[PDB]
Amino acid sequence: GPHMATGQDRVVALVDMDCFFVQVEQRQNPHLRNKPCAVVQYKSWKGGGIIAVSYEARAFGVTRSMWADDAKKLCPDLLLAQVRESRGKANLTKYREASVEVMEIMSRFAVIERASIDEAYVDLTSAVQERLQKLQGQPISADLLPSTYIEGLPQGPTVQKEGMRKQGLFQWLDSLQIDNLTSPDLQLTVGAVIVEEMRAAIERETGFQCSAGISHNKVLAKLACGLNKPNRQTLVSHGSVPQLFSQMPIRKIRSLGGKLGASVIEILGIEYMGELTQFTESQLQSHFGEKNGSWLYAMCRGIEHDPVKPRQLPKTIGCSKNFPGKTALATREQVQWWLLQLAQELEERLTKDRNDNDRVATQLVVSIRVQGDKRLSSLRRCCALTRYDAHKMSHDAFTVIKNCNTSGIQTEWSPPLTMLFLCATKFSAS
DNA sequence: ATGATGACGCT
DNA sequence: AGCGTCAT
Ligand SMILES: Nc1nc2c(ncn2[C@H]2C[C@H](O)[C@@H](COP(=O)(O)NP(=O)(O)OP(=O)(O)O)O2)c(=O)[nH]1
Ligand SMILES: [Mg+2]
Ligand SMILES: [Mg+2]
């Protein structure tokens with residue numbers, strides 16, 4: 001009772017851009033705005049692979065990983081923007097630049113953890129404390145939370161979405177105990193006020209809309225964010241967790257979407273996150289290991305301790321290209337030319353990184369995939385990254401992988417390569 | 001024939 | 001050091 005931690009010590013938010021690459025293209029080309037629209041990579045094979053989809057197009061069944069030709073069958077008037085192609089590969093520079101726009105704005109409110117090209121966590125615990133003491137003790141008006149959902153409300157004793165949102169928010173605010181600065185529900189609420197302000201600033205200064213989750217930890221914040229996309233934010237209180245998790249498939253929890261989540265389901269014979277509470281910590285540790293067991297024991301109770309890391313920049317800079325089926329690289333000269341293309345993009349991004357961020361990469365990781373191998377990587381080799389020079393980087397990459405070539409002859413490569421991947425790592429201050 | 005490519009755990 | 005997992 002008095003000694004059992006409830007995991008309510010922090011206020012954490014996750015902000016994620018709505019259909020991000022689509023919004024980047026819609027900002028640039030007004031003709032695409034408020035329309036079913038998707039962003040695709042390449043064009044020749046089946047119209048291009050879709051990697052982002054406007055909410056208007058999602059209503060037709062268009063999804064990520066769909067070929068554009070197939071999406072067009074679902075949505076004949078679907079509009080398409082293609083990712084820039086440079087040196088024969090996809091070039092995502094425009095979206096990396098848009099990302100920096102958003103991250104730099106979020107950084108004004110608190111130190112962020114950049115978690116992807118379009119989302120960041122923020123620890124608002126301190127900001128919340130300062131806002132609480134400076135609002136004197138005033139109650140929090142619903143007007144300060146104009147796009148906020150309270151997960152689980154309304155409950156108990158309007159048939160349209162906005163009406164439901166407000167009734168839930170009203171129930172929540174009417175119940176708040178604003179006289180107690182230590183109340184976690186209050187801290188979350190103030191967090192939500194701050195996130196409304198953050199999201200307003202993002203939209204005002206970039207034109208991009210986003211959604212957000214506010215909770216006590218990263219996993220719940222991320223989950224909350226998704227509950228009411230697009231252009232809304234969701235507060236998941238500690239109190240909301242039992243009902244929320246009681247019907248929540250285990251795979252919806254980040255890190256559980258793969259084989260670990262599958263084994264939890266199979267070994268324990270359960271479906272929902274809440275069902276995990278039945279097991280002792282030792283029981284979970286026995287099935288899934290010490291780290292996973294402890295994590296699962298706490299997580300099914302809404303508790304997680306992973307900190308928001310002070311990290312606004314990516315830890316690695318990399319680029320890759322697949323060469324599927326018949327396009328697999330089967331000659332020495334081919335392998336070298338594409339290593340050079342990848343290396344040239346990497347040099348330009350590295351040089352820009354050094355100027356912007358006062359750091360230099362010191363290690364180069366070369367990854368390949370061979371024909372027949374379904375793994376992401378068949379083989380990885382590293383070498384020193386001592387100069388931002390594409391010819392040197394590509395030559396060095398060839399050197400460390402050249403012995404994979406089981407060909408007898410000079411100019412051929414066997415088995416043919418279905419992927420090349422250069423990744424610059426181990427940054428140092430410069 | 002998804003693709004591009006990013007974080008991070010394990011040994 | 002190099003491989004596996006999860007992600008989208
Ligand atoms: N090259 C590449 N880019 C991708 C891929 N998957 C996603 N992206 C790019 C494209 C995405 O726009 C962007 C952000 O990914 P999300 O936040 O997971 N999806 P979004 O923001 O589109 O929609 P919403 O968040 O509203 O559900 O990352 C991929 O497989 N490959
Ligand atoms: Mg997004
Ligand atoms: Mg995202």
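Quick note: numbers below take in every heavy atom, side chains included, and nothing from hydrogens, waters or symmetry partners. In the text below, chain A, chain B and the rest are named by the order of the sequence lines, each starting its count at 1.
For A:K321 and B:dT5, the NZ to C1' distance is 13 Å, given to the nearest whole Å. Atom-to-atom, OH of A:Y42 to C1' of B:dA4 comes out at 8 Å; the value is rounded to the nearest Å. The CZ-P distance, from A:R87 to B:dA4, rounds to 16 Å in whole Å. Spacing between atom CD1 of A:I253 and atom P of C:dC6 amounts to 15 Å, rounded to whole angstrom units. Distance, A:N91 CG to B:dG3 P: 18 Å, rounded to whole Å. Rounded to an integer number of Å, the gap from A:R114 CZ to C:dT8 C1' is 13 Å. Spacing between atom CD of A:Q82 and atom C1' of B:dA4 amounts to 16 Å, rounded to whole angstrom units. The nearest whole Å value for the distance from the CG atom in A:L342 to the P atom in B:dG3 is 15 Å.
Proximity of A:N322 to the phosphate of B:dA1: no side-chain N or O atom is located under 4.0 Å from OP1 or OP2.
Heavy atoms of A:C423 sit nowhere under 4.0 angstrom from any nucleic acid atom. Across all strands shown, A:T327 has heavy atoms under 4.0 Å from base atoms, whether or not it also approaches the sugar-phosphate. Within 4.0 Å of A:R96, counting heavy atoms only, lie sugar-phosphate atoms of the nucleic acid but no base atom. Residue contacts shown for A:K259 are limited to sugar-phosphate atoms, with no base heavy atom under 4.0 Å away. Looking at heavy-atom distances under 4.0 Å, A:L260 makes contact with sugar-phosphate atoms alone, never a base.
Figure legend. B:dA7 is base-paired to C:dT5; pairs are counted as Watson-Crick or G-U wobble with both atom distances under 3.5 Å. Base-pair partner of B:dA1: not found among the strands shown (Watson-Crick or G-U wobble, both distances under 3.5 Å).
Across B:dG3, B:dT2, B:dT5, the shortest atom-to-atom separation from the side chain of A:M419 is found for B:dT5. Distances were taken from every side-chain heavy atom of A:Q41 (C-beta onward) to each of B:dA1, B:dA4, C:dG4; the shortest belongs to B:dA4. Set against B:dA7, B:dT5, B:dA4, the side chain of A:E345 has B:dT5 as its closest nucleotide. Ranking B:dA7, C:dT8, B:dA4 by closeness to the A:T316 side chain, first place goes to B:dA7. Here the nucleotide nearest the side chain of A:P324, chosen from B:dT5, B:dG3, C:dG2, is B:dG3. For A:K291, taking side-chain heavy atoms from C-beta onward, the closest of the listed nucleotides B:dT5, B:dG9, C:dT8 is B:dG9. Comparing B:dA4, C:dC3, B:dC8 by their nearest atom to the side chain of A:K309 picks out B:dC8. Side-chain atoms of A:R380 lie closest to C:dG4 of the nucleotides C:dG4, B:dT5, C:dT8. Minimum atom distance to the side chain of A:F421 is reached by B:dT5, of the listed B:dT5, C:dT8, C:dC3. Among the nucleotides B:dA1, B:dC8, C:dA1, the one closest to any side-chain atom of A:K315 is B:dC8.
Using modelled atom types and a 3.5 Å distance limit, the side chains of A:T331 and A:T411 yield no donor-acceptor pair. Looking only at atom types and distance, the side chain of A:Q312 has a donor-acceptor partner in the side chain of A:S107 under 3.5 Å away. Residues A:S430 and A:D358 have side chains that never bring a donor and an acceptor to within less than 3.5 angstrom of each other.
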Pair A:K392-A:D396, salt bridge (charged side-chain N to carboxylate O under 4.0 Å, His left out): steps then yes or no: CA-CA 6 Å; A:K392 173 173 171 53; A:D396 289 353; 3.0 Å; yes
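Separating the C1' atom of C:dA7 from that of B:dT2 is a span of 15 Å, rounded to the nearest Å.
Sequence order on DNA chain B of the closest nucleotides to A:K326 and A:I317 puts A:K326 first from the 5' end.
By the 5.5 angstrom centroid cut-off and the 30-degree plane limit, A:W45 is classified as stacked against the base of B:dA1.
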Pairs of donor and acceptor atoms involving the side chains of residues 7-19 of chain A, under 3.5 Å and at least two apart or interchain, shall be tabulated with distances.
residue: A:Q8; atom: OE1; partner: A:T6; partner atom: OG1; Å: 2.5
residue: A:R10; atom: NH1; partner: A:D306; partner atom: O; Å: 2.9
residue: A:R10; atom: NH2; partner: A:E304; partner atom: O; Å: 2.8
residue: A:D16; atom: OD1; partner: A:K229; partner atom: NZ; Å: 3.0
residue: A:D18; atom: OD1; partner: A:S211; partner atom: N; Å: 3.4
residue: A:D18; atom: OD1; partner: A:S211; partner atom: OG; Å: 2.9
residue: A:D18; atom: OD1; partner: A:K229; partner atom: NZ; Å: 2.8
residue: A:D18; atom: OD2; partner: A:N231; partner atom: N; Å: 2.7

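Salt-bridge formation is not detected for the pair A:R114/A:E119: no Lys NZ or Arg NE/NH1/NH2 atom is positioned less than 4.0 Å from an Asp or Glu carboxylate oxygen.
Between the A:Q167 side chain and the A:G163 main chain, no donor and acceptor come within less than 3.5 Å of each other.
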